Each structure stands twice: as structure tokens, then as C-alpha cells.
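Beneath this line is the structure, given in C-alpha cells, with notes to follow.
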Amino acid sequence: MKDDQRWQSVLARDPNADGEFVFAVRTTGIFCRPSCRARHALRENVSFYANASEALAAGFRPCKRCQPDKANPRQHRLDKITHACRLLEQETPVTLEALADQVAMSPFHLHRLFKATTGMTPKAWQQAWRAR
DNA sequence: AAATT
DNA sequence: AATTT
DNA sequence: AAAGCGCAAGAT
DNA sequence: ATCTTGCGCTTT
Ligand SMILES: [Zn+2]
């Protein structure tokens, strides 16, 4: 596709576009993912690169808000829950804090993601395991 | 606070 | 220096 | 004592 | 502007 279509993805801050490409702003020398929450730049200052690597190669450093140099969190986050599920499969109660420490996530994110991935809270999951 | 104007 | 997210 | 929950407050 | 954390209160 052309860059104008890519541009519309950016103005739309469309997450579906993340990974597909990365845009760079010559006035800042920073590159971001299409869904970056940062105010947008003027079209004339933007350019696109198929991926971070190429961006770096071109002298642009990653944005500190969208971390466009790291791959899609998707899997990473999924790996987090799975591990938490296993740590909860024991009679002795595990607090969200001890759990968060273990999977290395702010208790807020862990709790939100867990209920999002499993469908219940870490607490319930441990109770369910005990149950059956 | 960090990006962009 | 001021705006914008 | 810890989980949950809505909202103020802090951070990016 | 948008998202995360801290708080006080009720429920587990
Ligand atoms: Zn960014």
C-alpha cells in the first residue's frame, strides 16, 4: 500500500496497524507505532519504515511512550498469565501482590489482564482450582 | 512526562 | 516557549 | 487481612 | 489527553 493509506492509519491511531510499519518524524528524530498517543506531527515531517530496525538504521530513536522497538506485547502478556495460572494452583493462598511480583507486573495490570484472559480474577482462579 | 509544533 | 496527548 | 470498586490524584 | 496508581469504603 501507499504511505497516504499508512498516514490515515496513524491519524486514526489504529492499533491494527501496529507491527505493520513504523513512522518517523524528522523534526524530532523519533519513530513510533501507528497507535502512539502522542500529538501528531505535520504530514510533511513524517516518513515510514517497514520496521524499527530500518528506523534505527536511519538515525531515529524509539519513542518513550509506545516502545516501537519491542515486538507486539500480545504474546509476552499471554505468557505472563499462563505462569500466574500455574502459581495459583496450590492450596496456600497467593496474594495479588506476591503474584504480581512473580510475573513482574504492576498489580493493576496483572489483575486487569488476568480477568481479561481467563475470565475471572486471580483469586477466583485459585479458588476454582481448589474446588475441583 | 514526552512528542511535536 | 507553548501545545497536545 | 485481602479482594473489589469507584473516584481522586499522579504520571507520561 | 490518556492512562496508571493511590485511597477510602464495602464485600470476601
Ligand atoms: Zn510513540
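Every heavy atom of this structure was used, including side-chain atoms; hydrogens, water molecules and symmetry mates were not. Residue numbering restarts at 1 for every chain, and letters A, B, ... go by the order of the sequence lines.
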Within less than 4.0 Å of OP1 or OP2 of D:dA2, is there a side-chain N or O belonging to A:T95?
-> no

Only counting residues at least two apart or in another chain, list the ones meeting side-chain contact (heavy atoms from CB on, under 4.5 Å) with A:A84.
-> A:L99, A:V103, A:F114

Could you measure between the two P atoms, the one in D:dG10 and the one in B:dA1, and give it in whole Å?
-> 12 Å

Residues which pass side chain to side chain donor-acceptor pair (under 3.5 Å) with A:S35, listed by chain and number, not counting sequence neighbours | A:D18

So the contacted stretch of DNA chain C, first to last nucleotide with an atom under 4.0 Å from a non-hydrogen atom of chain A, runs from C:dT3 to C:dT5

Measure from CZ on A:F60 to P on B:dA3 and round the result to the nearest Å.
-> 14 Å

Side chains of A:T92 and A:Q90, donor plus acceptor under 3.5 Å | yes

Using the test salt bridge (charged side-chain N to carboxylate O under 4.0 Å, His left out), find all partners of A:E89 that sit at least two apart in sequence or belong to another chain.
-> A:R86

Where along nucleotides 2-12 of chain E does protein come under 4.0 Å, by heavy atom, of base (B) or sugar-phosphate alone (S), with - for untouched nucleotides?
-> SSSB-------

Between CE of A:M120 and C1' of D:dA3 the distance, given in whole Å, is 16 Å

Is there a side-chain polar atom (N or O) of A:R61 under 4.0 Å from OP1 or OP2 of B:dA3?
-> yes

In whole angstroms, the gap separating P of D:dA3 from NZ of A:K123 amounts to 6 Å

Can you tell me, in whole Å, how much space there is between the P of C:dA2 and that of E:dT5?
-> 32 Å

Side chain to side chain donor-acceptor pair (under 3.5 Å) between A:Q75 and A:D79: does it pass, once the steps are laid out?
-> CA-CA 6 Å; A:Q75 186 50 52; A:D79 289 344; 2.4 Å; yes

Do A:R26 side-chain atoms and A:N45 backbone N/O form a donor-acceptor pair below 3.5 Å?
-> no

From CZ of A:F31 across to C1' of B:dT4 the rounded distance in Å is 17 Å

Could I get the full list of side chain to side chain donor-acceptor pair (under 3.5 Å) partners for A:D14, not counting sequence neighbours?
-> none

Whole angstrom is fine here: how far is it from NZ in A:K64 over to P in B:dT4?
-> 13 Å

Expressed in whole Å, how much space separates the P atoms belonging to B:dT5 and D:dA11?
-> 27 Å

Give a yes or no on whether the backbone of A:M1 and the side-chain of A:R6 come within a donor-acceptor separation of less than 3.5 Å.
-> yes

To the nearest angstrom, how far is A:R26 atom CZ from B:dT4 atom P?
-> 13 Å

For the pair made of CZ in A:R43 and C1' in B:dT4, what is the distance, rounded to whole Å?
-> 16 Å

